Amino acid sequence: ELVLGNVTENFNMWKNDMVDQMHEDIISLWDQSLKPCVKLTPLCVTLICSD
Amino acid sequence: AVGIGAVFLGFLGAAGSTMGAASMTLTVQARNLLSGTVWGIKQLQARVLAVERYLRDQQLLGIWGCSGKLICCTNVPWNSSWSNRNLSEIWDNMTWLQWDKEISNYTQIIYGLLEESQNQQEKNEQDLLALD
Amino acid sequence: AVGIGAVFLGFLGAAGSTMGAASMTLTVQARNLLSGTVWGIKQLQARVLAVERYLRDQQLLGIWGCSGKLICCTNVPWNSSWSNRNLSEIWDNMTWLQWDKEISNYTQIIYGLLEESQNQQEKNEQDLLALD
Amino acid sequence: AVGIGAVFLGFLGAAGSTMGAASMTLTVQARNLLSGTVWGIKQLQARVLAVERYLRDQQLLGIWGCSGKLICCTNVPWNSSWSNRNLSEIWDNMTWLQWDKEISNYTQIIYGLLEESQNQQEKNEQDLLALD
Amino acid sequence: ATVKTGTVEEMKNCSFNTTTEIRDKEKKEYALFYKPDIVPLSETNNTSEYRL
């Protein structure tokens, strides 16, 4: 709830670091959640197809 | 803005108040410095730094005097080159964050003085206790 | 049961003795609250919680007074709404565990009283050391 | 060898100086006892041991007295069976390391005297503050 | 590799069927190996047959 009163502070949107924490946490979690799942290696066979 | 239940429980909430008026709130910051798969290592590393931050402060306070006192006097005189303001500006006009912009110059000079003041005092008390 | 070498070294060994006679054993508990692959994470989380448990008590005693004293007085009068017993019942009849069942009500009233009792002491000493 | 800016920042550097001379340097040791994939477990385990070591020392110093004082007197007399030297050998001739080779025998007898010495004092003080 | 002295004959020239990207198609392929990586495959009439 804490509005700081008579303070003024120099924010930045593009020089910001916390965006790269979001980015690394995202990739490291995506890649973690795939490790237990079925690798499609046996499925690289010759497909025969029609429309 | 200021309320003693929560002002430093989200930290910082008195920082506009000027240095004299801020000095009644210090306890709320102190009591909040220590709250609480690879994410296990993230939390452990974050916790262990927050402990060492706290202990390294409490150790400095031990060595200079005073051991837990939040506010204490020190028997180190304030040098003319630092003396650039009348006391009333410091206590009644500046904010703590603004005062830091000044005394963030030359700080370790003060810590060297503060440490050695305590050494000489413990040498002196030891002789008084040797007579006593 | 009681024995100051081991009573609290596996903890709690005095708990039936009544509140007055337990006061001689506190050091045995105070000296033991800090004794010492995914299993590595279980042990690290066990250790770091035991440190944070300990430091948070030292921070509270530091803020109310007294900085490391095991026992001390506090300039908070004991209110009639808590005063439901004579001193002899407390020190000579109840156990600490029996006492907890009462003063586990309203405990944060007391911690509010204690913290502010210290603020006003440190302010009042600061004026005297300013006159000294 | 001795130099207060670094002597104990790599630790130990006064160890040849004799016990009386080394006593001016103790602060440099204290202020350095707490500096700072599977390798993350190795580092966390090193940190967490450095913390618990440091705290168990401060816990003892609290319980005996004195909670932050680096040097204090203790109202335990020195028994004749340890009194095997004149004070002038101890303070002016031996090194701290050479002294340790003696009182590394039977040190726990002294801890049992120091701990119990504090109890009897804190009971005595409580009876005086009980009339304050 | 070209018969001759142990300076050249330190190299064997060997060929084998690799599995392509396509699990059902195997392709003949070749490489040079030093004699210490290679051992004569048994169960044969002292032939040109080998393994790692």
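Look at (1) touching a helix residue (DSSP H, G or I) at 6+ places or on another chain (Cβ under 6 Å); (2) in a helix (DSSP H, G or I); (3) at the interface with chain C (Cβ under 9 Å from one of its Cβ atoms); (4) under 25 Å from residue B:121 (Cα atoms) and you find that residue D:20 fails only one, number (3). Just the residues that are surrounded by 14 or more Cβ atoms within 10 Å (Cβ to Cβ) and among the aliphatic types (A, V, I, L, M), please, taken from segment B:104-120. B:110, B:113, B:114, listed by residue number. Close contacts from segment D:112-132, counting a first residue that is more than 17 Å from residue C:74 (Cβ to Cβ) and a second that is among the aromatic types (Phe, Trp, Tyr), with Cβ to Cβ under 9 Å and a gap of 6+ residues or different chains, come to D:114/D:64; D:115/D:64; D:117/D:64; D:118/D:64. Restricting segment D:27-47 to residues that are surrounded by fewer than 17 Cβ atoms within 10 Å (Cβ to Cβ) and part of a loop (DSSP other than H, G, I, E, B) leaves a set whose member that is nearest to the other protein chains (Cβ to nearest Cβ) is D:36.
Looking only at segment B:51-87, count every residue that is within 14 Å of chain D (Cβ to nearest Cβ) and either out of contact with any helix residue (DSSP H, G or I) (no Cβ under 9 Å at 6 or more places or on another chain) or outside any loop (DSSP other than H, G, I, E, B) (or both) and tell me the total. The number of residues fulfilling the criteria is 15. Among the residues of segment E:19-52, those identified as within 14 Å of another protein chain (Cβ to nearest Cβ) and either over 30 Å from residue A:41 (Cα atoms) or part of a strand (DSSP E or B) (or both) are E:19, E:26, E:27. The residues listed here are B:101, B:123; of these, the one that is part of a helix (DSSP H, G or I), exposed (fewer than 15 other Cβ atoms within 10 Å of the Cβ) and away from chain D (no Cβ under 14 Å) is B:101.
The residues of segment B:1-11 that are under 16 Å from the mean Cα position of the chain (by Cα) and either outside any loop (DSSP other than H, G, I, E, B) or crowded, with 16+ Cβ neighbours inside 10 Å (or both) amount to a single one, B:8.
Among residues of segment C:59-86 that are among the polar types (S, T, N, Q), those with a Cβ under 7 angstrom from a residue that is surrounded by 12 or more Cβ atoms within 10 Å (Cβ to Cβ) and part of a loop (DSSP other than H, G, I, E, B), sequence gap 6+ or separate chain, pair up as C:59/B:31; C:59/B:34; C:67/B:67; C:67/B:68; C:67/D:67; C:74/C:65. Being assigned to a helix (DSSP H, G or I), within 13 Å of chain C (Cβ to nearest Cβ), farther than 30 Å from residue C:30 by Cβ and out of contact with any strand residue (DSSP E or B) (no Cβ under 6 Å at 6 or more places or on another chain) is a property that does not hold for residue D:90.
Values quoted throughout were computed directly from the atomic coordinates according to the rules given, and no laboratory measurement underlies them. Note: ideal-geometry Cβ built from the backbone for every residue, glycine included; neighbour counts use all protein chains shown.
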